[PDB]
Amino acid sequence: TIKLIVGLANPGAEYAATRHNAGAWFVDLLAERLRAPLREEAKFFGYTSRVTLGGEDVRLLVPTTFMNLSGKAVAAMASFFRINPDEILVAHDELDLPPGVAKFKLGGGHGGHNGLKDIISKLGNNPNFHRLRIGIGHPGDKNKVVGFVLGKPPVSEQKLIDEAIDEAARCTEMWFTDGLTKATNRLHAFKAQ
């Protein structure tokens, strides 16, 4: 049972096209597919919609905070709606998976992701929320990770990320109508090349 779906981002035009906004690409696509365009809501520190999935209210959130303050947005919506951590799904860019792959995950580490870190903190040092890990691949040199995630992927990688997100959107819907086992069975058998 998922009640909140979050897509992580930095704000503003100059970050819209960056790998670190992949979570937001996902939620944006999902908002379109569900025909619930997102609207700014200052008190939740982000854009939001309400959708019906498996006959229940689900909320979509793309924070407008900087990435490292995503928690303030997640905590605010979760608090207002009385949503538990395990009812939250956070979509984010994942360095340890290649472009064109995406995976579900419950709980665990942040992998150095500054947005996930903050969410874990602002939820009360609680990592037990669901995640959608959208593969962006990793840079040649581990020192240039910041440059990498705040970088615009080349066309060839962007297409793969968009295909994974496309499939992840469909699998997210499937999670609601058929359950997580079937939705994972489909998503983890997908690899765009």
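A residue's number is simply how far along the shown sequence it sits, counting from 1.
### Task
Quick one: say whether 138-146 or 56-64 has the higher mean Cα B-factor in the deposited entry.
Result: 138-146.
Practice item. Name the higher of the two by mean Cα B-factor in the PDB entry, 7-15 versus 20-28. Key: On average, C-alpha B-factors are higher across 7-15.
| said: Highest Cα temperature factor in the entry, among the options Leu34, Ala168, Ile161, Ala42: which one is it? | reply: Comparing C-alpha B-factors across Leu34, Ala168, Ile161, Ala42, the top value belongs to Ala42.
Chain thirds of CA B-factor: placement of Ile120 = It belongs to the middle third of the chain when residues are ordered by C-alpha B-factor.
Pull the Cα B-factor of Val74 out of the PDB entry and bin it into the chain's lowest, middle or highest third. As the PDB entry reports it, the C-alpha B-factor of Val74 lands in the middle third of its chain.
Check: In terms of the CA temperature factor given in the entry, to which third of its chain does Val51 belong: lowest, middle or highest?
Finding: CA B-factor rank for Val51: highest third.
Query - Third assignment of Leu38 from its chain's C-alpha B-factors - result: Middle third - that is where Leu38 ends up once the chain's C-alpha B-factors are sorted.
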